[PDB]
Amino acid sequence: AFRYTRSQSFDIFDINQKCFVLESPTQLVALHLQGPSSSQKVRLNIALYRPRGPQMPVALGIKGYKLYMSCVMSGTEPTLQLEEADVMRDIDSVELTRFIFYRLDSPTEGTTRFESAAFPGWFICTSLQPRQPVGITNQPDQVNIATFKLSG
């Protein structure tokens, strides 16, 4: 279990300077943005949680679109999705742990990885190629990018 402490908004880019856009209500994509005002860069409203004991556990809100990121099984594959969810005070079930990621900062380099709490060993990643969905991988930074830079 995790209990909400506060939220803070951040810009995010991957290590190749791709940002996120909301391609459709259920899919984020990563691209090099310099487009029109129908392609609006996504910011994250990062909800920080305090654990029980069983670390910076966070939920990742898609700022202004009323969505949170989650990891769920689809078929037999771990999958990143976006779900309509309100702000969750208490994450106190295996089910709700789908919304929790461990924010893993490398302070010296200012980079960050996000590991799923529901699927340990799985990390948020982007394709090496632009205009592809944001996903999860158990081979972080291996023919994908799992390294991000956040700025508040």
# chains A, B, ... in the order shown; residues from 1 in each chain; ligands from 1

call {"tool": "residues_around", "arguments": {"residues": "residue A:50", "least_positions_apart": "3", "cutoff": "7 Å", "atoms": "only C-alpha atoms", "output": "JSON, numbers by chain"}}
result
{"A": [2, 3, 4, 5]}

call {"tool": "residues_around", "arguments": {"residues": "stretch 9-24 of chain A", "least_positions_apart": "2", "cutoff": "9 Å", "atoms": "only C-alpha atoms", "output": "short mmCIF file (atom, residue, chain, number, x, y, z; two decimals) with N, CA and C atoms, in the first residue's frame"}}
result
data_model
loop_
_atom_site.label_atom_id
_atom_site.label_comp_id
_atom_site.auth_asym_id
_atom_site.auth_seq_id
_atom_site.Cartn_x
_atom_site.Cartn_y
_atom_site.Cartn_z
N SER A 7 1.22 16.24 -5.72
CA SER A 7 1.53 16.18 -7.17
C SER A 7 2.36 17.39 -7.58
N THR A 26 -6.45 6.93 -26.03
CA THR A 26 -5.86 5.76 -25.35
C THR A 26 -4.36 5.56 -25.65
N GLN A 27 -3.78 6.43 -26.48
CA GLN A 27 -2.39 6.21 -26.89
C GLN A 27 -1.49 7.44 -26.88
N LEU A 28 -0.39 7.33 -26.14
CA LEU A 28 0.67 8.33 -26.22
C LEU A 28 1.65 7.87 -27.28
N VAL A 29 2.19 8.84 -28.02
CA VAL A 29 3.28 8.56 -28.95
C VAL A 29 4.44 9.50 -28.63
N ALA A 30 5.66 9.12 -29.03
CA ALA A 30 6.81 9.98 -28.83
C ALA A 30 7.36 10.48 -30.16
N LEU A 31 7.56 11.78 -30.25
CA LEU A 31 8.04 12.37 -31.50
C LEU A 31 8.92 13.59 -31.27
N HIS A 32 9.64 14.01 -32.31
CA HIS A 32 10.38 15.26 -32.26
C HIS A 32 9.36 16.34 -32.66
N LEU A 33 9.02 17.21 -31.73
CA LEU A 33 7.93 18.13 -31.98
C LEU A 33 8.49 19.45 -32.46
N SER A 39 -0.99 19.84 -32.37
CA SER A 39 -0.17 18.77 -31.78
C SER A 39 0.48 19.32 -30.53
N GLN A 40 -0.18 19.07 -29.40
CA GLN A 40 0.20 19.72 -28.16
C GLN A 40 1.01 18.74 -27.29
N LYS A 41 2.21 19.15 -26.90
CA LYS A 41 3.09 18.37 -26.02
C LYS A 41 2.46 18.07 -24.66
N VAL A 42 2.63 16.82 -24.21
CA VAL A 42 2.08 16.35 -22.96
C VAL A 42 3.00 16.70 -21.81
N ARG A 43 2.45 17.22 -20.72
CA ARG A 43 3.17 17.29 -19.45
C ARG A 43 2.64 16.21 -18.48
N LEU A 44 3.45 15.83 -17.49
CA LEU A 44 3.03 14.80 -16.55
C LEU A 44 2.69 15.45 -15.21
N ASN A 45 1.56 15.07 -14.61
CA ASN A 45 1.27 15.49 -13.26
C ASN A 45 1.64 14.30 -12.41
N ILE A 46 2.83 14.37 -11.81
CA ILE A 46 3.39 13.22 -11.12
C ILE A 46 2.94 13.22 -9.68
N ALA A 47 2.11 12.23 -9.32
CA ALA A 47 1.62 12.10 -7.92
C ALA A 47 2.63 11.29 -7.13
N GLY A 61 0.12 11.14 -14.14
CA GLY A 61 -1.07 11.77 -14.76
C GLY A 61 -0.74 12.46 -16.09
N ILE A 62 -1.63 12.37 -17.06
CA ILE A 62 -1.44 13.07 -18.34
C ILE A 62 -2.12 14.43 -18.14
N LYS A 63 -1.30 15.44 -17.83
CA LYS A 63 -1.80 16.74 -17.33
C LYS A 63 -2.86 17.38 -18.22
N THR A 111 18.91 12.20 -15.04
CA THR A 111 17.99 11.34 -15.85
C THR A 111 17.12 10.51 -14.94
N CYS A 125 9.18 2.98 -21.86
CA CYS A 125 10.15 3.23 -22.91
C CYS A 125 9.52 3.83 -24.14
N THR A 126 10.39 4.38 -24.97
CA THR A 126 10.01 4.83 -26.31
C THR A 126 10.79 4.01 -27.34
N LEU A 128 13.13 3.73 -30.71
CA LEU A 128 14.19 4.52 -31.35
C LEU A 128 13.65 5.38 -32.47
N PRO A 130 10.63 7.74 -34.39
CA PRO A 130 9.57 8.64 -33.95
C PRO A 130 8.16 8.13 -34.33
N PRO A 133 4.05 4.29 -30.47
CA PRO A 133 3.50 4.35 -29.11
C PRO A 133 4.57 4.33 -28.02
N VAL A 134 4.28 5.01 -26.91
CA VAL A 134 5.04 4.81 -25.66
C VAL A 134 4.62 3.47 -25.09
N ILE A 145 14.42 3.29 -25.81
CA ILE A 145 14.93 4.30 -24.88
C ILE A 145 14.08 4.25 -23.61
N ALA A 146 14.71 3.94 -22.47
CA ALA A 146 14.01 3.88 -21.15
C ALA A 146 14.50 5.00 -20.23
N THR A 147 15.31 5.90 -20.81
CA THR A 147 15.96 6.99 -20.06
C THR A 147 15.32 8.30 -20.46
N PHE A 148 14.87 9.02 -19.43
CA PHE A 148 14.15 10.28 -19.62
C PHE A 148 14.77 11.44 -18.85
N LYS A 149 14.47 12.65 -19.30
CA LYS A 149 14.82 13.85 -18.52
C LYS A 149 13.56 14.65 -18.19
N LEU A 150 13.31 14.83 -16.90
CA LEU A 150 12.18 15.60 -16.41
C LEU A 150 12.64 16.99 -15.97
N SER A 151 11.78 17.97 -16.20
CA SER A 151 12.07 19.31 -15.64
C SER A 151 10.82 19.93 -15.07
N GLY A 152 10.92 20.48 -13.87
CA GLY A 152 9.77 21.18 -13.28
C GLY A 152 9.94 22.66 -13.51
#

call {"tool": "select_by_dssp", "arguments": {"residues": "chain A", "states": "strand (DSSP E or B)", "output": "short mmCIF file (atom, residue, chain, number, x, y, z; two decimals) with N, CA and C atoms, in the first residue's frame"}}
result
data_model
loop_
_atom_site.label_atom_id
_atom_site.label_comp_id
_atom_site.auth_asym_id
_atom_site.auth_seq_id
_atom_site.Cartn_x
_atom_site.Cartn_y
_atom_site.Cartn_z
N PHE A 2 0.16 2.29 -0.63
CA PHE A 2 0.76 3.58 -0.87
C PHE A 2 -0.30 4.62 -0.53
N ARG A 3 0.12 5.74 0.03
CA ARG A 3 -0.77 6.82 0.35
C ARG A 3 -0.26 8.08 -0.33
N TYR A 4 -1.15 8.77 -1.03
CA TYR A 4 -0.84 10.00 -1.77
C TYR A 4 -0.23 11.06 -0.87
N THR A 5 0.84 11.71 -1.33
CA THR A 5 1.36 12.89 -0.63
C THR A 5 1.11 14.23 -1.39
N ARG A 6 1.53 14.36 -2.65
CA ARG A 6 1.34 15.61 -3.40
C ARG A 6 1.60 15.31 -4.85
N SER A 7 1.22 16.24 -5.72
CA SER A 7 1.53 16.18 -7.17
C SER A 7 2.36 17.39 -7.58
N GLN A 8 3.18 17.19 -8.61
CA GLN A 8 3.97 18.23 -9.21
C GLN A 8 4.00 17.97 -10.70
N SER A 9 3.94 19.04 -11.48
CA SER A 9 3.95 18.93 -12.94
C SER A 9 5.36 19.00 -13.48
N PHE A 10 5.63 18.21 -14.52
CA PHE A 10 6.97 18.13 -15.11
C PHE A 10 6.85 18.09 -16.61
N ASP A 11 7.79 18.73 -17.32
CA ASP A 11 7.97 18.39 -18.71
C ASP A 11 8.80 17.09 -18.78
N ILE A 12 8.63 16.32 -19.85
CA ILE A 12 9.43 15.11 -20.04
C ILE A 12 9.88 14.96 -21.47
N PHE A 13 11.15 14.57 -21.65
CA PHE A 13 11.65 14.21 -22.97
C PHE A 13 12.44 12.92 -22.78
N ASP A 14 12.53 12.10 -23.83
CA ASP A 14 13.46 10.97 -23.76
C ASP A 14 14.91 11.44 -24.04
N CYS A 19 9.42 14.09 -27.33
CA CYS A 19 8.44 14.40 -26.29
C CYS A 19 7.25 13.51 -26.53
N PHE A 20 6.29 13.55 -25.61
CA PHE A 20 5.07 12.77 -25.77
C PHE A 20 3.92 13.64 -26.32
N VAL A 21 3.13 13.09 -27.24
CA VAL A 21 1.84 13.68 -27.59
C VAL A 21 0.74 12.66 -27.43
N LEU A 22 -0.47 13.15 -27.18
CA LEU A 22 -1.60 12.25 -27.06
C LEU A 22 -2.22 12.01 -28.44
N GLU A 23 -1.87 10.90 -29.08
CA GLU A 23 -2.33 10.64 -30.45
C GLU A 23 -3.83 10.38 -30.45
N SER A 24 -4.30 9.70 -29.43
CA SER A 24 -5.71 9.38 -29.32
C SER A 24 -5.98 9.29 -27.83
N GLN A 27 -3.78 6.43 -26.48
CA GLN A 27 -2.39 6.21 -26.89
C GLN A 27 -1.49 7.44 -26.88
N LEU A 28 -0.39 7.33 -26.14
CA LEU A 28 0.67 8.33 -26.22
C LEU A 28 1.65 7.87 -27.28
N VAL A 29 2.19 8.84 -28.02
CA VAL A 29 3.28 8.56 -28.95
C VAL A 29 4.44 9.50 -28.63
N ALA A 30 5.66 9.12 -29.03
CA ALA A 30 6.81 9.98 -28.83
C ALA A 30 7.36 10.48 -30.16
N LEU A 31 7.56 11.78 -30.25
CA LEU A 31 8.04 12.37 -31.50
C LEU A 31 8.92 13.59 -31.27
N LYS A 41 2.21 19.15 -26.90
CA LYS A 41 3.09 18.37 -26.02
C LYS A 41 2.46 18.07 -24.66
N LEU A 44 3.45 15.83 -17.49
CA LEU A 44 3.03 14.80 -16.55
C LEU A 44 2.69 15.45 -15.21
N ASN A 45 1.56 15.07 -14.61
CA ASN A 45 1.27 15.49 -13.26
C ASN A 45 1.64 14.30 -12.41
N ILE A 46 2.83 14.37 -11.81
CA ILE A 46 3.39 13.22 -11.12
C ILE A 46 2.94 13.22 -9.68
N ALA A 47 2.11 12.23 -9.32
CA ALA A 47 1.62 12.10 -7.92
C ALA A 47 2.63 11.29 -7.13
N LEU A 48 3.21 11.91 -6.11
CA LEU A 48 4.14 11.20 -5.24
C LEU A 48 3.39 10.50 -4.12
N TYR A 49 3.73 9.23 -3.89
CA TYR A 49 3.15 8.41 -2.80
C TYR A 49 4.17 8.10 -1.71
N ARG A 50 3.66 7.87 -0.51
CA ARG A 50 4.43 7.32 0.60
C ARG A 50 4.08 5.85 0.79
N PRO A 57 7.67 5.87 -5.08
CA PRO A 57 6.53 5.37 -5.83
C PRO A 57 5.67 6.55 -6.30
N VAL A 58 5.27 6.52 -7.57
CA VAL A 58 4.51 7.64 -8.19
C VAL A 58 3.40 7.12 -9.07
N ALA A 59 2.35 7.93 -9.24
CA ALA A 59 1.39 7.71 -10.36
C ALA A 59 1.66 8.80 -11.38
N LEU A 60 1.47 8.49 -12.67
CA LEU A 60 1.80 9.43 -13.76
C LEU A 60 0.54 9.91 -14.47
N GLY A 61 0.12 11.14 -14.14
CA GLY A 61 -1.07 11.77 -14.76
C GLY A 61 -0.74 12.46 -16.09
N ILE A 62 -1.63 12.37 -17.06
CA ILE A 62 -1.44 13.07 -18.34
C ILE A 62 -2.12 14.43 -18.14
N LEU A 67 -6.37 11.52 -17.35
CA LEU A 67 -5.89 10.14 -17.55
C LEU A 67 -4.69 9.88 -16.63
N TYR A 68 -4.57 8.62 -16.18
CA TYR A 68 -3.33 8.11 -15.58
C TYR A 68 -2.78 6.93 -16.38
N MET A 69 -1.46 6.82 -16.40
CA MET A 69 -0.78 5.66 -17.01
C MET A 69 -0.93 4.43 -16.13
N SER A 70 -1.08 3.26 -16.77
CA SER A 70 -1.10 2.00 -16.00
C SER A 70 -0.49 0.86 -16.78
N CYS A 71 -0.07 -0.19 -16.06
CA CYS A 71 0.46 -1.40 -16.68
C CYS A 71 -0.48 -2.55 -16.39
N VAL A 72 -0.92 -3.23 -17.45
CA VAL A 72 -1.90 -4.33 -17.31
C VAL A 72 -1.53 -5.44 -18.29
N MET A 73 -2.04 -6.64 -18.02
CA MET A 73 -1.85 -7.74 -18.97
C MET A 73 -2.88 -7.53 -20.09
N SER A 74 -2.45 -7.64 -21.35
CA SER A 74 -3.36 -7.62 -22.49
C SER A 74 -2.99 -8.84 -23.33
N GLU A 77 0.52 -10.38 -22.74
CA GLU A 77 1.63 -9.39 -22.75
C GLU A 77 1.46 -8.23 -21.77
N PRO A 78 2.50 -7.91 -20.97
CA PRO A 78 2.45 -6.68 -20.18
C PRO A 78 2.36 -5.49 -21.14
N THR A 79 1.46 -4.55 -20.82
CA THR A 79 1.09 -3.49 -21.72
C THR A 79 0.95 -2.19 -20.96
N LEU A 80 1.48 -1.10 -21.53
CA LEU A 80 1.22 0.23 -20.99
C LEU A 80 -0.07 0.77 -21.58
N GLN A 81 -0.95 1.24 -20.71
CA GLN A 81 -2.12 1.96 -21.24
C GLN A 81 -2.43 3.25 -20.52
N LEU A 82 -3.39 4.02 -21.06
CA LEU A 82 -3.90 5.20 -20.37
C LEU A 82 -5.34 4.93 -19.95
N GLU A 83 -5.67 5.26 -18.70
CA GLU A 83 -7.03 5.03 -18.17
C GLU A 83 -7.58 6.31 -17.59
N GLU A 84 -8.90 6.52 -17.78
CA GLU A 84 -9.62 7.58 -17.10
C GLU A 84 -9.65 7.22 -15.62
N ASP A 90 -5.50 6.44 -2.00
CA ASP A 90 -5.03 5.18 -1.46
C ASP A 90 -4.90 4.14 -2.56
N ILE A 91 -3.71 3.54 -2.64
CA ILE A 91 -3.48 2.42 -3.53
C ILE A 91 -3.30 1.24 -2.62
N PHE A 101 4.40 3.41 -10.41
CA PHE A 101 5.75 3.19 -10.96
C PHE A 101 6.73 3.68 -9.92
N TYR A 102 7.89 3.04 -9.85
CA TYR A 102 9.01 3.60 -9.07
C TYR A 102 9.84 4.54 -9.93
N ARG A 103 9.91 5.80 -9.50
CA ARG A 103 10.70 6.79 -10.18
C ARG A 103 12.13 6.59 -9.72
N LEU A 104 13.00 6.26 -10.67
CA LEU A 104 14.41 5.94 -10.38
C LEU A 104 15.26 7.03 -10.96
N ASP A 105 15.70 7.96 -10.10
CA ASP A 105 16.52 9.08 -10.60
C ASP A 105 18.00 8.75 -10.53
N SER A 106 18.76 9.28 -11.48
CA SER A 106 20.22 9.19 -11.48
C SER A 106 20.62 10.66 -11.27
N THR A 111 18.91 12.20 -15.04
CA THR A 111 17.99 11.34 -15.85
C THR A 111 17.12 10.51 -14.94
N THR A 112 16.07 9.90 -15.51
CA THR A 112 15.09 9.15 -14.75
C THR A 112 14.61 7.92 -15.54
N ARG A 113 14.42 6.81 -14.84
CA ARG A 113 13.70 5.66 -15.41
C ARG A 113 12.42 5.46 -14.59
N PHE A 114 11.41 4.81 -15.16
CA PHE A 114 10.21 4.49 -14.39
C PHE A 114 9.93 2.99 -14.47
N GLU A 115 9.97 2.29 -13.34
CA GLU A 115 9.74 0.84 -13.31
C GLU A 115 8.33 0.56 -12.79
N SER A 116 7.58 -0.30 -13.47
CA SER A 116 6.23 -0.62 -13.00
C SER A 116 6.28 -1.34 -11.66
N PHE A 123 9.85 -1.41 -17.62
CA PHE A 123 10.15 0.01 -17.55
C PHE A 123 9.50 0.76 -18.71
N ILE A 124 9.05 1.99 -18.47
CA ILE A 124 8.48 2.81 -19.54
C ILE A 124 9.55 3.11 -20.59
N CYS A 125 9.18 2.98 -21.86
CA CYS A 125 10.15 3.23 -22.91
C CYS A 125 9.52 3.83 -24.14
N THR A 126 10.39 4.38 -24.97
CA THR A 126 10.01 4.83 -26.31
C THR A 126 10.79 4.01 -27.34
N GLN A 132 5.84 6.49 -32.72
CA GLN A 132 5.47 5.14 -32.28
C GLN A 132 4.90 5.25 -30.87
N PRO A 133 4.05 4.29 -30.47
CA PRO A 133 3.50 4.35 -29.11
C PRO A 133 4.57 4.33 -28.02
N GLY A 135 5.59 2.71 -24.58
CA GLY A 135 5.30 1.32 -24.09
C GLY A 135 6.09 0.97 -22.87
N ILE A 136 6.12 -0.34 -22.55
CA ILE A 136 6.96 -0.88 -21.48
C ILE A 136 7.85 -2.01 -22.03
N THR A 137 8.99 -2.19 -21.37
CA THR A 137 9.99 -3.20 -21.79
C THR A 137 10.65 -3.83 -20.60
N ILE A 145 14.42 3.29 -25.81
CA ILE A 145 14.93 4.30 -24.88
C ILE A 145 14.08 4.25 -23.61
N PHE A 148 14.87 9.02 -19.43
CA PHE A 148 14.15 10.28 -19.62
C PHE A 148 14.77 11.44 -18.85
N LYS A 149 14.47 12.65 -19.30
CA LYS A 149 14.82 13.85 -18.52
C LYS A 149 13.56 14.65 -18.19
N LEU A 150 13.31 14.83 -16.90
CA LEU A 150 12.18 15.60 -16.41
C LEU A 150 12.64 16.99 -15.97
N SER A 151 11.78 17.97 -16.20
CA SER A 151 12.07 19.31 -15.64
C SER A 151 10.82 19.93 -15.07
#

call {"tool": "residues_around", "arguments": {"residues": "residue A:54", "least_positions_apart": "6", "cutoff": "12 Å", "atoms": "only C-alpha atoms", "output": "number ranges by chain"}}
result
A: 1-2, 92, 117
